[PDB]
Amino acid sequence: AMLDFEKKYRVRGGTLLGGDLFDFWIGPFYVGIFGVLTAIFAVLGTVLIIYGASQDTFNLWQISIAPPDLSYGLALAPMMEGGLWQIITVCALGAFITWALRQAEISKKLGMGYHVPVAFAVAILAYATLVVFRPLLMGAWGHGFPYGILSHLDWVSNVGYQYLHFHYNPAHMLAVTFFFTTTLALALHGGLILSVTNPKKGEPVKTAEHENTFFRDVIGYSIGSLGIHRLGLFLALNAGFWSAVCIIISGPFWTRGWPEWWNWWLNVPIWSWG
Amino acid sequence: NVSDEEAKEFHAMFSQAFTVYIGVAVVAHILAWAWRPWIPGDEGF
Amino acid sequence: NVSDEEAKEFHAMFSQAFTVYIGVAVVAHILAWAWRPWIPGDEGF
Amino acid sequence: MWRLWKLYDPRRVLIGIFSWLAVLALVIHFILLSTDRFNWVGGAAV
Amino acid sequence: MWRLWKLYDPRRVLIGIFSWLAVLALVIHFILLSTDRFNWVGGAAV
Amino acid sequence: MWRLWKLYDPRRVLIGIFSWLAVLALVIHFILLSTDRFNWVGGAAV
Amino acid sequence: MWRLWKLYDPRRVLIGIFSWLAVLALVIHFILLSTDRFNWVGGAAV
Amino acid sequence: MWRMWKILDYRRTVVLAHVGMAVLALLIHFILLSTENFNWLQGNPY
Amino acid sequence: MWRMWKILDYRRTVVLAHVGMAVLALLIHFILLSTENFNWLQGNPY
Amino acid sequence: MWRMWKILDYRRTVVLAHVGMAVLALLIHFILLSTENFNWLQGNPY
Amino acid sequence: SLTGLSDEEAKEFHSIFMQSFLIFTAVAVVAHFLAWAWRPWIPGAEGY
Amino acid sequence: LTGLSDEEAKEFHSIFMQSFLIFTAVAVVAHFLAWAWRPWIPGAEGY
Amino acid sequence: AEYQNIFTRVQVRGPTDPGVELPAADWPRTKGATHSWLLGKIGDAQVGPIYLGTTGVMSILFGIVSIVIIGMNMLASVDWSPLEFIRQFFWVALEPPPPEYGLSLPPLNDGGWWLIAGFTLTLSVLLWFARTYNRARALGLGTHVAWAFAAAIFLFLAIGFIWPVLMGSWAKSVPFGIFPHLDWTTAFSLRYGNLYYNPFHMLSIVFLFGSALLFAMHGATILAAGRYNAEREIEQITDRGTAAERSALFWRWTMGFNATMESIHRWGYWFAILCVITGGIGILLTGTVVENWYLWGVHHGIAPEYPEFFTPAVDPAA
Amino acid sequence: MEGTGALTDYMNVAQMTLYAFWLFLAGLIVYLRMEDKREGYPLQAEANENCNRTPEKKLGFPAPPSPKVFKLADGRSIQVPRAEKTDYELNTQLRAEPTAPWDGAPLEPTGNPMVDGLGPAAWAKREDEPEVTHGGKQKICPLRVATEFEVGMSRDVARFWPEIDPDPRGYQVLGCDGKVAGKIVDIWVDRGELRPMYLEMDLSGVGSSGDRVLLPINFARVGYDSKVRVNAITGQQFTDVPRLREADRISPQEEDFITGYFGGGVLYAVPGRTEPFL
Ligand code: BCL
Ligand code: BCL
Ligand code: BCL
Ligand SMILES: CC[C@H]1c2cc3[nH]c4c(c3C)C(=O)[C@H](C(=O)OC)c4c3nc(cc4[nH]c(cc(n2)[C@@H]1C)c(C(C)=O)c4C)[C@@H](C)[C@@H]3CCC(=O)OC/C=C(/C)CCC[C@H](C)CCC[C@H](C)CCCC(C)C
Ligand SMILES: CC[C@H]1c2cc3[nH]c4c(c3C)C(=O)[C@H](C(=O)OC)c4c3nc(cc4[nH]c(cc(n2)[C@@H]1C)c(C(C)=O)c4C)[C@@H](C)[C@@H]3CCC(=O)OC/C=C(\C)CCC[C@H](C)CCC[C@H](C)CCCC(C)C
Ligand SMILES: COC(C)(C)C/C=C/C(C)=C/C=C/C(C)=C/C=C/C(C)=C/C=C\C=C(C)\C=C\C=C(C)\C=C\C=C(C)\C=C\CC(C)(C)OC
Ligand SMILES: [Fe+3]
Ligand SMILES: [Mg+2]
């Protein structure tokens, strides 16, 4: 089934691989070659996760596929000692990368720019930082995070407290600022569009004049219809990127407590006062 | 909608697959029961 | 759309490449088995 | 039972069947690599 | 060098110079206050 | 086998093959470095 | 008092009052469960 | 019960039957591999 | 079976075959490097 | 009281009543399962 | 019909499909016979 | 199918009630077997 | 080589937009409005004018009083040194009352200044809420922005007022400092046993991460469909252009389901405000009805169990 | 357990608060998915998707809400989903043939997909009345009538660093194949959005110098060397860009015609764009 306007858009072309062979839709999903791959990768990784779950516990929150011991270095591990995690990592990476390449096939077919696959490549960059880049720099795949709903929260807790106060990480304070600011911007953007198209009952749908006037009335500046989506993309992508920066520098480029990092600020010759 | 003849051809294909699938399932469970019965007694297995 | 002639030409190139790839791969496994067989015995290797 | 192909395009069922076989073969081969008895390259004893 | 002002707008050059001079004199005065030897109001001895 | 180049743009094949060679060669060298026998710069002994 | 229903939509007020009644009943029942004296499932002795 | 196909589309039902029984059968086989008496790969005593 | 190419486009299948078999070949080689008895670089006794 | 269906949709209310009573039936059973005097699966002394 | 296959095309694809399926299954049957001779996978009552 | 008539609604209803009766009947037997295995209503002492 | 809709290449400047006419009781807007080339690259170039009414002025006055109290106490803590103020800028704070005062009014230098700063800050944000509400109503807009702001207010009040009041001490509240309120955030989690196991903190993060996910998805989609004037989203809601169809088709083909030009902003609006609402509820639950969140997670079977890797420590004081 | 918050031997207040939020989150998710189904619904199941070989309508789950009335500024209560757009889409005879009869097969255009509105070249059915501002001015108008706008946000930047504050008037336009299509004569601005939207050009390079054509700004890459490079379409293809009904106004429909035509170039402008990398 299709949206009542969808038929005319379902044309041939836009693929990067596979050509006509996979260029079709199953229900609403466009398939493409990267959809077949993202399906094989996703099913493989999910079924491997459930196998790992069957060996410890089926409780959804307590399922955990953990990375190997640090003593393994970069070697591939036995399956039940983190080798299962490593296969799931290469399956998830492939699932993410083929998902973005597939969104690139969908982008070209609808004549859209590649903003969505690239914006997703930032999210893939952050996961790659967590499971590939940072474990590489530190020298062991065991530095990646476990695949479990509650077991990866203990990883975040302990890795954060490896630096004794992770709030003082300068790149983390920047990434948190970008995360808080982008949901603030999302609240304003979503709210303002709803406020115009859904005014008080008995009022006409308003214009982009009212949108600019509203924020110029409130804060004295309005970024506009186009600016809100550039800034919205900018804030969320910087949120992802500075997440990657904050974690890649935690351990490969800083092994002490993050509060100590601010010792350079306390020592600036301008304001030492002693 | 489908006619009776189309729907009967659907159900002929379904009944063929259903019988093979259930027949293999019945045999498989009879083998699994001969191997290790899965209903515990009052004292376990 | 593809005719039987152009299909057979595609299968012709498939067969030449498949047999060369399969042939060299068979040699690879015979050398690998001559080196260290990968089917463990009752005591392993 | 030939009429199943009056319903499903041969290209799509073959793509789905082969994708299913690829997932299945890897999962079973990997599950055996997880076990101590069937990890053939690991080569445990019985 | 009189032609320098046919290229660069005098107001922007003077604003740029004034901003640099204000920041620089503030930074030098602050750096001196941060040192033990040149803190003139801290009243230390040499 | 010359018919193969009737099927693909030779430029896209040269890009594809040289991309495999570049990544494969780096990985093989890096794996050899990671060993304690074929790490040539580490001065491993045998 | 009947003119209340020419001011507000009867369905809307019915939906809102029932939602308030459902929430209040849930809140009170669990308020009693959290106390010692009025926990009927807990079977606490007074 | 061929009148079932006068209600439910036979194609979409068959696809749904294969995907659902796939996940169900994986689920049950995994449940047995989680146990100690039916994990045929571990081969524990019964 | 030359008829297989009247369903699957041959040009695209060849490309998919190479990328897929590259992944599988790397996967198998990496699996052997993980094992003790078939890590040819580490060379543990057999 | 049949005039109730001239205010709220009968089609909508029937469906939301099944969903609403689904949650309520699930909630009460789960509340009893969270006790000790009424957990029939545990079968604690009463 | 859906998929636009004539009845003869459906019957011809069926025979090749069923042939390819029996050949694929037969090799699996042989591989399982070899796998069973190596290490049986149905434990006895006392385990392995 | 959406606009079923009276005779088609009566015909669907009878088949629905027959399917539900068979589904319930098989389940009832399943519960009679499950009770024979392990009863699930404890006495005051427990199990 | 395609234009990426990241910076506006060609800009056009006209007269300053004075805004839509207000009702004939509102204060006059300010007269100050200028155009910025730098801001015009990202979006609208006009800066100002701004409205200021009763609620706006009183919010600013209450907020300035709060900022002066915090700033002067911050400056006083470093012996009034502006240099030492810059050196310690992230570390200084207006400290909340010590625990011994409970909910009473403590002396100025023992949390009294904190309580006044918290009161005036609360008043300014509440008046700012009324300002956002009235500016929308004055233009005939819905009050969605104000209620989304009210949702952020509730977490702010839950953290600083309601939860400390429910706990019976102003000490539990958060100091006005940069690193100190980060110290409060960490200590809060330490005290009540790993806020990670708080489910409403989990949900809060779900909607926070989903908000960044949504804005990234939506912002990228509007820029990608900018070739079809997607960013003119109001026109697409009332008159579905091809951009609205390509945006919906893109996500329908990707993940199997889509939104509309209007429903995407409902998804993002609810994700933004649910993040801050589950946040407030999670804060109100801890300390009051959950003592230790890890022990709560153990009770409800959500804590992972870890095999032996080390010799477990034993409390000598057991 | 015991303490404040206990509701039973196992249930506590935080847990039941959580399930209370689960019920709300579901009702919100269902509500949000219904708001999702006000454009393009009900789904059009074609005959070749269903075993009965009859076209149908699928509501999906949750089913779409009732129609929604947007009262408009000019005094026109429009209903969503709009009847005229649905009626246009269901009746339009596409100039394309499915590459296969089964459901999900892509359409292959028969004639010229760019002028026929196929795929990335497609347009929606929109209003033919040109948009107005809140005050009644013409919303999208060229700078010759919208004379209160001058090109360039900053006069000093436009005068001393014109590279970053350009004025594309008089610029040469090149297509994806590098050929010269003509000269930019005017810029169209949105009085509400305060942005350029279209670059009107003449066809002095590939057609009549007196002909006028609109180039959407997001398809134009205004360079630093007085050349505007359009990657969407070949220079020869600028001649078939749809013309305005009136030389000084554009309806929302013509915006979808013009942006649609350029978007279609992404696949159909030159051979090989449809074809994969490999
Ligand atoms: C005690 C521990 C420390 C701490 C230790 C850490 C550590 C360690 C980390 C963070 C990271 C983060 N911290 Mg911290 N952090 C602390 C307290 C906080 C507080 C707070 C309330 O005080 C906040 C707001 C934050 C905020 C943040 C973010 C900036 C960042 C996580 C976002 C991110 O990485 O996106 C990136 C998003 C992803 C990586 C998701 C990947 C998406 C992929 C590509 C697709 C997946 C698809 C999926 C499988 C689909 C599912 C299937 C379908 C649904 C069917 N932290 C405390 C002080 N923090 C993380 C970070 O920055 O890493 C990059 C990180 O590693
Ligand atoms: C020969 C050509 C095709 C083929 C042609 C056909 C045709 C024609 C038919 C089938 C049908 C079936 N085929 Mg077949 N089938 C083939 C070969 C196989 C093989 C095999 C390995 O050889 C297997 C195992 C199967 C299996 C099946 C079954 C799914 C089904 C018969 C049982 C049934 O009636 O389902 C009944 C079960 C249901 C209706 C419900 C299924 C499960 C639902 C969705 C709910 C369970 C979900 C589950 C609980 C989720 C798990 C929990 C998660 C953790 C959340 N087929 C080949 C590949 N097959 C029949 C069918 O599809 O019936 C409708 C049918 O008509
Ligand atoms: C000058 C000529 C060209 C060339 C011309 C041709 C032509 C013509 C053909 C080939 C074909 C092949 N070529 Mg060649 N080929 C060249 C030289 C090579 C060299 C080499 C080192 O010299 C190699 C190794 C190969 C390799 C191959 C094979 C892929 C293939 C033959 C076997 C087959 O039929 O696969 C088929 C097997 C499959 C398709 C299995 C599919 C595997 C799927 C994708 C598995 C996916 C699951 C995934 C791995 C999961 C990952 C999980 C992990 C944990 C990460 N070619 C040169 C460069 N080659 C043939 C071919 O590709 O036909 C299709 C063919 O017709
Ligand atoms: C970088 C800015 C933010 C962002 C952006 C972003 N995310 C995106 C996109 C964009 C632009 C998409 O276009 C893409 C999309 O299409 O979303 C609908 C996506 C997406 N972001 C998603 C999730 C997601 N994003 C997150 C974060 C973020 N995404 C950032 C905050 C998170 C977090 C913070 O946890 C999650 C969970 C998906 C909904 C979707 C990508 C879907 C995808 O890749 O599907 C591939 C196939 C699968 C079924 C995935 C599973 C396959 C694996 C083999 C199994 C699972 C392995 C995994 C390691 C398990 C880990 C579990 C434990 C951590 C519990
Ligand atoms: C959905 C939840 C998210 C959210 C939403 C949200 N926030 C909001 C809103 C919304 C919907 C608003 O409408 C409102 C707003 O104004 O948005 C622009 C706001 C807002 N969120 C803000 C901050 C904020 N939001 C945050 C978070 C969040 N906001 C959540 C993540 C945070 C974080 C992460 O901690 C912060 C810090 C404000 C910028 C703004 C409300 C401002 C406010 O209440 O101000 C009160 C008044 C004062 C502080 C007075 C002092 C201000 C000046 C110093 C006065 C100047 C005096 C004079 C005019 C000039 C003097 C100088 C002379 C030399 C000229
Ligand atoms: C000297 O400085 C001058 C004057 C030059 C100006 C400079 C000012 C500066 C630099 C100020 C710097 C300020 C900074 C950096 C502040 C940092 C603030 C931060 C990070 C705050 C973060 C969190 C604080 C919170 C959440 C506070 C919450 C407090 C609340 C919600 C208080 C509520 C209190 C109420 C409602 C009071 C009730 C009083 C009643 C009446 C109930 O008592 C009986
Ligand atoms: Fe938007
Ligand atoms: Mg502190």
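Here's a quick rundown of the structure. (Residues numbered from 1 in each chain as written, not as in the entry; some residues may be left out. Chains lettered and ligands numbered in written order. Part of a larger assembly, values for the part shown. Heavy atoms only, no water.)

**Examining the overall build of chain B**
From N to C terminus, chain B includes 1 helix and 0 strands. Each principal axis of the C-alpha atoms in chain B carries an extent, and together these give about 55 × 20 × 5 Å. Looking at the 45 residues of chain B, the share that counts as buried comes to 18%. If you sum the accessible surface of chain B, you get close to 3,200 Å²; carbon and sulfur atoms cover 67% of it. (Helix = DSSP H or I, 4+ residues; strand = E, 2+ residues; numbered from the N terminus. Buried < 20%, exposed > 50% of the residue type's maximum accessible area, 1.4 Å probe, protein only. Areas by Shrake-Rupley, 256 points an atom, 1.4 Å probe, with all protein chains shown as cover.)

**Quick notes on the pattern of salt bridges**
As enumerated under the stated definition, the model contains 62 salt bridges over all chains in all. Here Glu46(N) makes a salt bridge to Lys7(A), at a shortest N to O gap of 2.9 Å. Note that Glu46(N) is positioned in the loop between strand 1 (43-45) and strand 2 (56-58) and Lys7(A) in the segment before strand 1 (25-26), a pairing that runs across two chains. Where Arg212(N) meets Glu200(N), a salt bridge forms, and the shortest distance between an N and an O atom there is 3.9 Å. With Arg212(N) in strand 12 (residues 212-216) and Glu200(N) in strand 11 (residues 195-202), this pair connects stretches of sequence that are 12 residues apart. The class of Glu200(N) is buried, set by a relative accessible area of 4%. (Salt bridge = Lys/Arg side-chain N within 4 Å of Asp/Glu carboxyl O.)

**Topic: the coordination of the magnesium atom of ligand 3**
A lone protein donor contacts the magnesium atom of ligand 3, and this donor is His18(I) (NE2), found at 2.4 Å. Mapped onto the fold, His18(I) is located in helix 1 (residues 10-34). (Donors = N, O, S within 2.8 Å, 3.2 Å for Na, K, Ca; no water.)

**Some remarks on the pairing of strand 10 (residues 180-190) of chain N**
All names here are of chain N. Within strand 10, 8 of the 11 residues are buried, which leaves it mostly tucked inside the rest of the structure. Looking at chain direction, strand 7 (residues 140-142) and strand 10 are connected through 3 bridges and run antiparallel. Counted as the bridge partner of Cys-141 is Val-189 from strand 10. In this structure, strand 9 (residues 172-174) lies alongside strand 10, joined through 3 bridges in antiparallel fashion. Bridged to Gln-172 within strand 10 is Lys-183. The turn joining strand 9 and strand 10, which pair antiparallel and follow one another in sequence, is formed by 5 residues; a positive phi near 80° is taken by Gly-178. Relative to strand 11, strand 10 runs antiparallel, the two sharing 7 bridges. Counterpart to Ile-187 in the pairing with strand 11 is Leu-199. Remark: 4 residues form the turn of the hairpin made by strand 10 and strand 11, two consecutive strands paired antiparallel; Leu-194 in that turn has positive phi of roughly 55°. (Pairing = 2+ DSSP bridges.)

**Some details on the interface of chain A and chain M**
By a widely used convention, the size of an interface equals the accessible area lost when the partners come together. Contact with chain A, which involves 94 residues of that partner, is made by 101 residues of chain M. Carbon and sulfur atoms supply 67% of the area that chain A and chain M bury against each other, a total of about 8,900 Å² over both sides. Interface area lost by chain A to chain M is led by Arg216(A), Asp217(A) and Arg230(A), which between them contribute 9%. Where chain A packs against chain M, one counts 4 salt bridges. Across the pair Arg29(M) and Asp217(A) runs a salt bridge, and its minimum N-O distance is 2.9 Å. On the surface where chain A and chain M come into contact, there are 47 residue pairs in polar contact. For the side of chain A that touches chain M, the elements supplying multiple residues, two or more each, are strand 2 (29-30), helix 2 (83-109), helix 3 (115-138), helix 4 (151-161), helix 5 (170-197), helix 6 (208-218), helix 7 (224-248) and helix 9 (263-266) of chain A. When residues of the side of chain A that touches chain M are assigned to their parent elements, the largest contribution, 18 residues, is made by helix 5 of chain A. Taken together, the residues that form the side of chain A that touches chain M break down as 47 nonpolar, 31 polar and 16 charged. (Contact = heavy atoms within 4.5 Å. Buried area = accessible area lost by both parts, 1.4 Å probe. Polar contact = N/O pair within 3.5 Å; in protein donor to acceptor, adjacent residues only side chain to side chain. Nonpolar A, V, L, I, M, F, W, Y, C, P; charged D, E, K, R; others polar.)

**Some words on the site of ligand 5**
In the region of ligand 5, 22 residues are neighbours, and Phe180(A), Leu184(A), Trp128(M), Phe149(M) and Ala272(M) sit closest. This site is not confined to one chain, since residues near ligand 5 come from chains A and M. Within the side chain of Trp128(M), one N or O atom sits 2.9 Å away from an oxygen atom of ligand 5. Of all elements in the fold, only helix 5 of chain A together with helix 2 (54-77), helix 4 (112-138), helix 5 (144-167) and helix 10 (263-285) of chain M reach the threshold of two or more residues within the shell around ligand 5. Split by residue class, the shell around ligand 5 holds 17 nonpolar, 5 polar and no charged. (Near = heavy atom within 4 Å.)

**Remarks on the interface of chain H and chain N**
Taken residue by residue, the interface counts 4 residues in chain H and 5 residues in chain N. Both sides of the chain H and chain N interface together cover about 380 Å² of buried area, and 36% of this is carbon and sulfur. Contact with chain N buries area across many residues of chain H, yet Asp9(H), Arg11(H) and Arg12(H) alone supply 93% of it, more than any other trio. Linking chain H with chain N are 1 salt bridge. Run the count over chain H and chain N and you get 5 residue pairs in polar contact.

**Quick word on the site of ligand 6**
Residues and elements named next belong to chain M. Inspection of the region around ligand 6 gives 18 residues, with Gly-71, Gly-118, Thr-122, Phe-176 and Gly-177 positioned closest. Here ligand 6 has 1,100 Å² of accessible area as a free molecule, and 70% of this is covered by the chains. Within the residue set of the shell around ligand 6, elements represented by two or more residues are helix 2, helix 4, helix 5 and strand 5 (176-177). If you tally residues by element for the shell around ligand 6, the top one is helix 2, at 6 residues.

**As for empty space enclosed by the protein**
As enumerated under the stated definition, the model contains 8 cavities of 30 Å³ or more in all. Per-element accounting of the lining of the largest cavity gives the leading share, 3 residues, to strand 11 of chain N. Of the pockets and cavities examined, the second largest cavity occupies roughly 120 Å³. Taken together, 19 residues line the second largest cavity, and the ones lying closest to its centre are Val12(M), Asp44(M), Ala45(M), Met153(N) and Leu194(N). Listed by contribution, the elements that provide at least two residues to the lining of the second largest cavity are strand 1 (12-13) of chain M together with strand 11 of chain N. (1 Å grid on protein atoms, 1.4 Å probe; cavity = no way out; pocket = protein on both sides within 12 Å on 5 of 7 lines; lining within 4 Å. Points joined across faces, edges and corners; volume = space filled by probe spheres on them.)

Keep in mind that these numbers describe shape and distance, not what the molecule does.
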